[PDB]
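Chemist: I am attaching a structure below and will ask some questions about it afterwards.
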DNA sequence: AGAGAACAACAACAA
DNA sequence: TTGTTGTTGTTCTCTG
DNA sequence: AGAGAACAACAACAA
DNA sequence: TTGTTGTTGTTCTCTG
DNA sequence: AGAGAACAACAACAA
DNA sequence: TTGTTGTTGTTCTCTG
DNA sequence: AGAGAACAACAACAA
DNA sequence: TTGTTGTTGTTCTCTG
Ligand code: NA
Ligand code: NA
Ligand code: NA
């Protein structure tokens, strides 16, 4: 168990041999740091010791095609393996899922990505169930539901109703999930607020285009190279696109007013009211933070939506110096937050905020329906159908306090609920909604099940996107022949190893 | 940092050399396992490496008299050193202390032991301030207070009033602390209940004496040696003296009815109603658990007194088969619990129970005075006279919830109190009163100070006793010349190293 | 790795840390300051320096340092090993008719086990061996002669000694023990005898009862009245079990007399001492002071002692010489001490005793009927050990001196009688440093067959002291805390320690 | 309790 | 397999 | 004796 | 001079 | 967010 | 001191 | 060419 | 026979 440190003369040969790998094989330096590579390097030492330095490597080392093959099989195995856990989760109501469509760019195969999210032990699960080619089949509602239904079969989940689905507003997909629980991606929602808000504030158009072109120039004119940080362009498809850009100009201002002057093109930047830029950036900076909190799956997020909404509305509160132009923007963002975001929220959203100990907030009418919803929801999950030395010091002094049985029927729904409402949790820096319910699991038997249930619903389809992101790094320019089956396998295996092994 | 494992040939010589130490020096085998010996063995390796295997040991190794001298000085140093912490503690009201008188048995010097107890960080402090010879000075109230006052000066604590003293009922001592906060040792109290209860239940006398003599015989007749476990005698000065004995007979019954029969003295055991014994043992077993919980200083205890009282009263509840004799006993224990224990409790006691989350219990009149006490107590302690990425996710979404300032004046005493009362903590196996207040420190600013303040008051003078116990292992038959100054030093140093170093 | 006599000194900066680290040990672990002066500790510290140099400071001490149980285990092992090892040297000495032993029963105070201590003494080179062979339990067997013998027989097998007859056993007068040795060589403990004499004596002199008790109560008082703390030395009490009990107590009062008359007066209790005849006190401790010395001479095991028995007896009788101003009381005391010395001590010595005095160079003394018997004995003992053309043809002597008929005798040595007789003709001047042992070792040449017999007697201890001492030792192993240590471990811990003292430098 | 101590009958391991 | 070590958990001890 | 222990009051030093 | 060490010699403890 | 990758300017260390 | 390593924290990239 | 990649459908094996 | 491996040869990718 005492890990042996080797000779510096060996360590020296180690370096050389690895570098050469990276060179001869065109691998990234980070290749050696990969955790999975370490473990394999370990097994090759565990062979060298138990077989001696004269092995027939070439025979020992599997051929690519077997690796691909082990993967595809290994896939079916583990998919099958957790078939139960997932199956339980789904049925006991703690399942949440996100789906989106994506397309590679070599064969242009059209895919459906599906992610599952649930609460186990003290952790929140971030699972990729699969990336299935919709084949070359139109890409209609029906066909989506089908492949959706299909991806779940692999785990042996056949009743999809108890699943809370988080998806963007893609006409096709929303219709596919027309008969199930479907929550609107608040990320996509926010971005819609952002896009419409700007569009209806043409007053801002100029300095944006102005800025747009300060980049366009720098790129074209090949002087980006001296900024320390590049001027980031647009790429409108991305979230908080404007922000990232203005911020790039702002972050570099000095260095740029200067190079445009001495290279005599101050014509470019002089019409740009820097204050307006500075200001839009502040407004927008918060959106960036909200944009990020809503894309997290390693912690609950749905609870943060209503507060994100409160944050926008605060940011957009009219302050005193408010330049005429900014102020119009603010009123617009606000107006859109209501007619676009708020309007597309659901009961889930509100409840989830409610499940965040500092509860005082939605007193208004919301508490009412919230309860009623909670009740309806908890009833459904009620269809789960030597002496005195070695005895707990608690049990010893307060025996009437521990009592009898595994089940605790007396404390009812309405009582647990109204019990919650009495709570008073002080907000602490580190506080974690997830822990706090797992603590009060005891005091809140059936309610805590509901809470961790909502608290696991992702706040947006980020999850799905991220998948496609990933699939991308495997369906590469050179790796282009990789097959659907193979891909889904690779993706799944990688998700699994993360969610299921330490 | 990679600890080198040595040659088995060295490890072999290690053994030999150590054994010889134990033999040649008449040391206990456990001598090598002592943590303090390890650390010194480490420093002798750190010398061997940095000076080589040819050192003049004999000169290097200090003479006893310097060791004694370093100790006595080292003493004054650290005593001085924590002078502040203790001083604070005392003043900010979180100080608790226990004192008792004791006498060695070589010079027959008469001592005063003093222990301090307080709450720091997440820990509870078990401190020996000192063992001072009262000299050969009568041992009157005055002289005690004096040496008491004196022991505190060493730390520079001159105002003793804010100190909550836990002591037995020794006429002299109780008078010495006549003007301070003095709480009655509940251990001593319990034992008084036990002793008087038995005495007033002469019906039990016979089988006890019977039993007493079954030991007396076995000891005298030298057949104890074959029991597996000895028959434990009386030693009345000890707590739960009867119990430990009956239990010894009971635990061995078979093996003894048998040896008394085959060695023809069944006359001895035949008059002993075994059931009565069995029963007294059960009654008494709980007392044993209560006896132990009340002697703990590494966790709060005062909170367990009232519940210990509830436990006795439960144990003594009349059950059905109750033999006439047992039943009288039960009624007596009960009667004494009131006129001896309950009667000698104080407000502290009740409050401390109250400071144990499952609070429902003392609803009756007690809550009233408890509050009033708590208030009075808290008023006294009121005489202590890149942007938006690197900002707490809590602070970001709920800023009105974190607010402004270090101090929180709005939430007042009565509000904090009535705030507590609303709490509902479910009792869990592992639950710890100390943690729970340190958690709610936030929500309960001034109250939590009060709570951890009481929660640190030892429930009995156990602490002091234990000290004398210790002092004993230093003022040994051979070590008899050891001096007062030296002793107190040794004791203190050892307390310190425990409370102040990991 | 065998040299370099110049030893390095350390920086007073490291001397400053060893100081710290050692105190901490003593504090943290609760050991006495004297722990570090220990010889064994030192030899061990050395070995840990030798480890750090040969391995570097970053060693895994925990792994290294053996567990306590591993140590106990070794000790029981090492015991068994060395006990077997010396098995020869001992087997020898016993057979070479020059080994003696002690025996006594002792009982511990935790488990209250009942033990049998056995000490062996003999002479090898210019030294006397004082050795503990064992402390075995009688288990819980009655404690009869049969068992004592059996266990005694048994402790000896451990060294492969199966024949005990040739051993000289000195034992007290325990009803039990004397019977177990009924068929062997048993010499009575002179120390126990002396205490016997002392006790009967005082008892048969009630006259002193009063002043003694009187004194006893002055201590009793000083203790109960917490006054002890003010004299230079504490008043001492009786503890009747102890030897020369009364003396140690009287002496304490005497040495502190002033200090106490003063105290008692200023506390209106002068009623306490006023009846104590200081003169008698004085006198008694003077008589008694001698007994102390005799007592202590009788408990030595490093120098011969059996020879000093007779001289001690002579000394007591000399101290009880009626002198002139002798107070009737004291006088009566003396007469009684003498009476008992004759009927208790002298009455229980045996030939071994006499002979052993005789082997002390200044040999003049028991010229008495004693010498006739002594030779007779020495002859028998030296036998046991033997079981391991005219001008030319006529002696140069028978020609030069014919009228010297004498022939049978043989002056320069030859046989036992001659060696004995040539001993007699000696004249050794008793100088201050004279070591009877050294002298016989030198004249081993001069006296071949006699020096053996002599050194053989001279190694027999004068009393049971060694055995008592053993128990005292056993006492420090079977501590309140260290209670639970089993026979095995104890016998080992004890033996090894003795072995290491007697067989190493 | 909370301190020091030994050991029987374990269970972990190196050879 | 077989010994050697170090683990466990029980049994003492002491202050009342 | 022959074992273990601490310490007041030394006497020796290094600084 | 001054403080720090180690030295001596006395006072305890135990077996009886 | 949550994934892979390189590196400048560090700070830790062995010689 | 002087090099060699491995650390940090910033800068890219991608999915929307 | 001259580089990286995955894979359907082979052909070779060990069992 | 039967499954598991490694083989071939074709289909992609990129510089232009
Ligand atoms: Na291969
Ligand atoms: Na030294
Ligand atoms: Na070890």
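In this analysis, Cβ positions are derived from the backbone assuming ideal geometry, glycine residues included, and neighbour counts consider all displayed protein chains. The values are calculated or read from the model by the stated rules, or taken from the named source; nothing here is a laboratory result.
Chemist: Could you please give the count of residues in the range B:479-499 that are out of contact with any helix residue (DSSP H, G or I) (no Cβ under 7 Å at 6 or more places or on another chain) and assigned to a helix (DSSP H, G or I)?
Modeler: 8
Chemist: With B:220, B:216, B:232 as the choices, which residue is away from ligand 1 (no atom under 16 Å from the Cβ), within 14 Å of chain C (Cβ to nearest Cβ), surrounded by fewer than 19 Cβ atoms within 10 Å (Cβ to Cβ) and within 30 Å of residue B:337 (Cα to Cα)?
Modeler: Going through B:220, B:216, B:232 in turn, the sole match is B:232.
Chemist: Another one. Given the residues A:441, A:428, A:469, A:464, which is the only one that is crowded, with 21+ Cβ neighbours inside 10 Å and more than 16 Å from ligand 1 (Cβ to nearest atom)?
Modeler: So the residue among A:441, A:428, A:469, A:464 that is crowded, with 21+ Cβ neighbours inside 10 Å and more than 16 Å from ligand 1 (Cβ to nearest atom) is A:464.
Chemist: Quick one: would you say residue A:374 is within 24 Å of residue A:187 (Cα to Cα) and either surrounded by 19 or more Cβ atoms within 10 Å (Cβ to Cβ) or touching a strand residue (DSSP E or B) at 6+ places or on another chain (Cβ under 9 Å) (or both)?
Modeler: Answer is no for this residue.
Chemist: Let me ask something additional. Any residue at all in the range C:54-68 that's more than 26 Å from the chain's Cα centre (by Cα), within 22 Å of residue C:476 (Cβ to Cβ) and more than 7 Å from chain B (Cβ to nearest Cβ)?
Modeler: No, every residue in the range C:54-68 fails to be more than 26 Å from the chain's Cα centre (by Cα), within 22 Å of residue C:476 (Cβ to Cβ) and more than 7 Å from chain B (Cβ to nearest Cβ).
Chemist: Checking the condition at negative phi, in a strand (DSSP E or B) and in the same structural domain as residue A:494 (by CATH), which residue from A:165, A:155, A:136 passes?
Modeler: From the options A:165, A:155, A:136, the qualifying one is A:165.
Chemist: Still on this structure, please answer the following. Which one of these does residue A:387 not meet: (1) on the phi < 0 side of the Ramachandran plot; (2) surrounded by fewer than 19 Cβ atoms within 10 Å (Cβ to Cβ); (3) within 14 Å of chain B (Cβ to nearest Cβ)?
Modeler: (1)
Chemist: Out of A:85, A:77, which single residue is more than 16 Å from ligand 3 (Cβ to nearest atom), in contact with a strand residue (DSSP E or B) (Cβ under 8 Å, 6 or more places away or on another chain), part of a helix (DSSP H, G or I) and in the same structural domain as residue A:159 (by CATH)?
Modeler: A:85
Chemist: Separate question: Which of (1) out of contact with any strand residue (DSSP E or B) (no Cβ under 6 Å at 6 or more places or on another chain); (2) part of a helix (DSSP H, G or I); (3) at the interface with chain B (Cβ under 7 Å from one of its Cβ atoms) is the odd one out, the single condition residue C:92 does not satisfy?
Modeler: (3)
Chemist: Testing residue B:66 on (1) on the phi > 0 side of the Ramachandran plot; (2) within 12 Å of DNA strand F (Cβ to nearest atom), one condition comes back false. Which one is that?
Modeler: (1)
Chemist: Under 6 Å between Cβ atoms, at least 6 apart or on separate chains: pull out the pairs that start in the range A:85-100 with a residue that is closer than 26 Å to residue A:188 by Cβ and end on any residue that is away from DNA strand I (no atom under 16 Å from the Cβ) and in a helix (DSSP H, G or I).
Modeler: Final answer for the pair search is A:93/A:453; A:94/A:453; A:95/A:89.
Chemist: Inside the range B:1-53, can you point out the residues that are more than 7 Å from chain C (Cβ to nearest Cβ) and surrounded by 20 or more Cβ atoms within 10 Å (Cβ to Cβ)?
Modeler: Hit for the range B:1-53 is B:27, nothing else.
Chemist: Checking the condition within 14 Å of another protein chain (Cβ to nearest Cβ) and either away from DNA strand J (no atom under 16 Å from the Cβ) or touching a helix residue (DSSP H, G or I) at 6+ places or on another chain (Cβ under 7 Å) (or both), which residue from A:264, A:286 passes?
Modeler: A:286
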